[PDB]
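Residue numbers (our numbering), protein chains in the order written: chain B, 3 to 11; chain A, 3 to 11; chain D, 7 to 242; chain V, 7 to 242. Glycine included, each C-beta is placed from N, C-alpha and C at the ideal position.
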Amino acid sequence: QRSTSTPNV
Amino acid sequence: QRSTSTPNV
Amino acid sequence: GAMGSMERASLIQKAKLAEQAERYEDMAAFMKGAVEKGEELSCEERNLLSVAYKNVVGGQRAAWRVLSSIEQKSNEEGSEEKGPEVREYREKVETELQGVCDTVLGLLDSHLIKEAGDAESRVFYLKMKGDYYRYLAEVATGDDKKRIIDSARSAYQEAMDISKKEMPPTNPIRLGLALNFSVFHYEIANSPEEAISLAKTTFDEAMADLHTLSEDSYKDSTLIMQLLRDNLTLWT
Amino acid sequence: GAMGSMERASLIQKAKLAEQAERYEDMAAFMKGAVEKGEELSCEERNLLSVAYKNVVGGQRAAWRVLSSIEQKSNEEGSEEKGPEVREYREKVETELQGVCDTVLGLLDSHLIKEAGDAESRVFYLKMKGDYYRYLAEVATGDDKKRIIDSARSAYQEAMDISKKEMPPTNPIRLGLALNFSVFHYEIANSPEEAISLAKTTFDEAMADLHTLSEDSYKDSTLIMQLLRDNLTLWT
Ligand SMILES: *CC(=O)NCC1CCN(C(=O)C2(Oc3ccc(Cl)cc3)CCCC2)CC1
Ligand SMILES: *CC(=O)NCC1CCN(C(=O)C2(Oc3ccc(Cl)cc3)CCCC2)CC1
Ligand SMILES: [Cl-]
Ligand SMILES: [Cl-]
Ligand SMILES: [Mg+2]
Ligand SMILES: [Mg+2]
Ligand SMILES: [Mg+2]
Ligand SMILES: [Mg+2]
C-alpha cells in the first residue's frame with residue numbers, strides 16, 4: 003500500500 | 003432509472 | 007492514419023494492455039488501427055473493439071446527460087440568465103459523442119459488415135450498428151431524429167432475423183441483441199409494449215433451452231436473462 | 007492558444023461544468039486558458055486548477071503503475087519474450103504524464119508563483135510545484151532523477167518555511183503541504199524517519215490548536231490530521 007497524499011479539493 | 007443494456011464484454 | 011506504421015499484432019497486444027490500464031481512448035485508437043489493416047476480426051478481436059468504443063461512448067453519454075440536465079434546468083421559468091456557456095459546452099460534448107459514433111459506424115460500413123459471412127460475426131456487427139445509431143438517437147432532434155431511429159431499427163431487425171434463423175435461443179449474442187433492441191423500443195421508439203413483449207418472449211425461449219448448456223454457457227446466458235427480468239420489473 | 011478567443015469568466019464557468027460532468031481533461035484545458043489570461047487566480051480558481059490537473063495526472067499515474075508492473079514481470083528470469091510492445095506503450099503513457107507535469111510547472115513559472123504575494127496563494131503554488139516535481143520523480147531514472155528530487159525538495163521547503171512563519175498549525179494548506187512533504191520523504195527520498203517525524207510533529211501541533219477553530223474549520227483540519235495518522239500507522 004502506497005502512502006496517502008492530500009485528497010482532491 | 004434508465005433501462006439496462008448489455009454490459010461490457 | 008497514425009497507426010499505419012504499426013504491426014496488426016502489435017496493435018492488438020497494445021489494445022489488451024490499454025484495457026488493463028483502463029486507457030479506453032488509447033484502446034479504441036489501437037483497435038481502429040487494427041480494423042483498418044483490412045483483415046476480418048476474430049471473436050476476441052471483435053470483443054476488444056466493442057469494449058474500447060463502449061467505454062469511450064459510455065463516458066460521453068454520462069457527461070452529455072449531466073450537461074443536458076443542467077441546460078434544461080436553466081431554461082425553466084424563474085431561472086436566472088447565465089449566457090451561452092451551458093449550451094456551448096453541451097454542444098461540444100455532443101459533437102464529440104457524434105464523432106465517436108460516426109467513427110464506429112464507418113468501421114462497420116468499411117468493411118466489417120460486408121465481409122462478415124458467419125452468423126456469429128454478422129449478428130455481432132449488426133447489433134453494434136443498431137447500438138451506435140441508438141446512441142446518436144439519444145442526442146438527436148426533429149426530422150434528423152426520425153431517420154436515425156429508422157436506421158437503428160433497420161440494423162437491429164436484420165440482426166434479429168439472422169439470429170432467429172441461425173442461433174439457439176440461449177446464444178449470448180442473440181440474448182444481448184434482444185436485450186438492446188428491447189431497450190431501443192422502450193427508451194427511443196416510444197413502444198413500451200413491444201419492449202415488454204420482446205423481453206418476455208426472449209426470456210421464456212431461453213429458459214426452455216437452458217437444459218442443453220454446460221456450466222460456463224449457463225452462467226453467461228442466465229446473467230443476460232436476469233437483465234431482461236430487471237427491465238421487465240422496471241417496466242411493469 | 008485554443009482558448010485565446012474565450013472570455014476568462016466563460017472559461018471558469020465551463021471548468022465548473024466540466025467538473026460536474028467528470029470531464030477533467032476539458033476542465034484542465036479551460037483552467038490553462040484562464041491562467042493564460044494573465045490575471046492572478048482567486049482561492050476558488052486555484053482550487054479548480056488543482057482539481058483538474060490532479061485528476062488528469064492521477065489517471066496517468068494509475069495507468070503508468072499498471073504498465074510498469076507488467077513490464078517488470080516480463081523482465082524476470084523464466085519469462086517469455088514478447089517483443090518491444092510493453093516498453094513502447096509504458097513509454098507512451100510516461101511521455102504524456104511528463105507532458106502534463108511540464109504544463110503545470112510552466113503555468114506556475116509563468117507567472118503564478120512570482121505574482122503571488124500573499125502567504126495563502128504562494129504556499130498553495132509552491133506545494134503544487136513540489137507535487138508535480140514529485141510525480142516526475144515517480145517515473146524518473148538515474149542522474150535526471152537526482153535533479154528532479156532536488157527540485158521537489160526545494161519547492162516543498164520554501165513552502166514549509168513560509169507556512170510556518172505565516173499560517174497557524176491547523177491551516178489546511180499548511181497541513182496538506184506537510185502531509186505531501188512527508189509522502190515525498192517516505193516514497194521518493196528514502197527518508198522514512200524524516201517522514202515519520204514530520205507527520206508526528208505536524209499532527210501534535212495541530213492537535214494543540216484545534217480549540218481555536220469553528221465547526222467547519224475543525225472538520226477540514228481533523229480530516230487531514232487523520233490522513234497523517236493513517237500514514238503513521240502504515241509506516242510504523
Ligand atoms: C483557496 C484555498 O484556500 N484552497 C485550499 C482549501 C483547503 C481545504 N480544502 C480541501 O478540500 C481539503 O484540504 C486540502 C488541503 C490542502 C490542499 Cl492544497 C487541498 C485540499 C481536502 C481535505 C480536507 C479539506 C478546500 C481547499
Ligand atoms: C466473439 C463473441 O462471441 N463475443 C460475444 C461474447 C458474448 C458473451 N460475453 C459477455 O461478455 C456477456 O454477454 C454479451 C453478450 C453479447 C454481447 Cl454483444 C456482449 C456481451 C456479458 C454478459 C454476460 C456474458 C463475452 C463475449
Ligand atoms: Cl465549449
Ligand atoms: Cl505505443
Ligand atoms: Mg432572480
Ligand atoms: Mg448539436
Ligand atoms: Mg517458456
Ligand atoms: Mg521515458
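{"Asked": "Let me know if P90 (chain V) comes out buried or exposed under the rule of 16 or more other beta-carbons within 10 Å of its beta-carbon.", "Found": "exposed"}
{"Asked": "May I ask whether a heavy atom of ligand 1 can be found less than 7 Å away from the beta carbon of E91 (chain V)?", "Found": "no"}
{"Asked": "Just checking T239 (chain D) against ligand 8 - is the residue's beta carbon closer than 7 Å to any of the ligand's heavy atoms?", "Found": "no"}
{"Asked": "So, does the CB of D236 (chain D) fall closer than 8 Å to a CB anywhere in chain F?", "Found": "In the displayed structure, chain F is absent; the protein chains listed are B, A, D and V."}
{"Asked": "For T101 (chain D), verify whether its CB is less than 7 Å away from any heavy atom of ligand 6.", "Found": "yes"}
{"Asked": "Which same chain residues, not among the five before or five after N237 (chain V), have their C-beta less than 6 Å away from its C-beta?", "Found": "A205"}
{"Asked": "Just to confirm, are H191 (chain D) and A201 (chain D) a CB contact at a threshold of 8 Å?", "Found": "yes"}
{"Asked": "CA-CA distance, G64 (chain D) and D149 (chain V)?", "Found": "43 Å"}
{"Asked": "Name, please, each residue of chain A whose Cβ falls closer than 7 Å to the Cβ of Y192 (chain D).", "Found": "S5"}
{"Asked": "Just jot down, in chain order, the residues whose CB lies closer than 6 Å to any heavy atom of ligand 4.", "Found": "D:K20, V:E94, V:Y95 and V:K98"}
{"Asked": "Using only the alpha-carbon positions, how far apart do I119 (chain D) and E199 (chain D) sit?", "Found": "31 Å"}
{"Asked": "How many Å lie between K171 (chain D) and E42 (chain D) at the Cα?", "Found": "31 Å"}
{"Asked": "At which residues does the alpha helix (DSSP H) containing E100 (chain V) begin and terminate?", "Found": "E91 to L113"}
{"Asked": "Can you list, in chain order, the stretches of the alpha helix (DSSP H) that have 4 or more residues and sit fully within the segment 158-210 of chain V?", "Found": "178-189"}
{"Asked": "Quick test of the definition: if touching needs 3 or more C-beta pairs under 8 Å, does the segment 17-35 of chain V touch the segment 222-233 of chain D?", "Found": "no"}
{"Asked": "Is the distance from the Cβ of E77 (chain D) to the Cβ of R96 (chain D) below 8 Å?", "Found": "yes"}
{"Asked": "Between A212 (chain D) and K225 (chain D), what straight-line distance do the alpha-carbon atoms span, to the nearest angstrom?", "Found": "13 Å"}
{"Asked": "Are residue 244 (chain V) and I194 (chain V) closer than 8 Å when you measure CB to CB?", "Found": "What is shown of chain V runs 7 to 242, which leaves residue 244 (chain V) out entirely."}
{"Asked": "Below 8 Å, can you find three or more Cβ-Cβ pairs linking the segment 124-141 of chain D to the segment 49-63 of chain D?", "Found": "yes"}
{"Asked": "Give me the Cα-Cα distance between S7 (chain A) and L132 (chain D), rounded to the nearest whole angstrom.", "Found": "16 Å"}
{"Asked": "Using three-state DSSP, classify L142 (chain D) as helix, strand or coil.", "Found": "helix"}
{"Asked": "Can you tell me whether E86 (chain D) sits near ligand 5, meaning its C-beta is under 7 Å from at least one heavy atom of the ligand?", "Found": "yes"}
{"Asked": "Within a Cβ cutoff of 7 Å, which residues of the same chain sit near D215 (chain V), ignoring the five residues on either side of it in sequence?", "Found": "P174, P175 and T176"}
{"Asked": "To the nearest angstrom, how far is it from the Cα of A34 (chain V) to the Cα of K151 (chain V)?", "Found": "27 Å"}
{"Asked": "Between D:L47, D:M37 and D:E45, which has its C-alpha nearest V62 (chain D)'s C-alpha?", "Found": "D:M37"}
{"Asked": "Cβ closer than 7 Å: which chain V residues qualify as neighbours of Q19 (chain D)?", "Found": "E91"}
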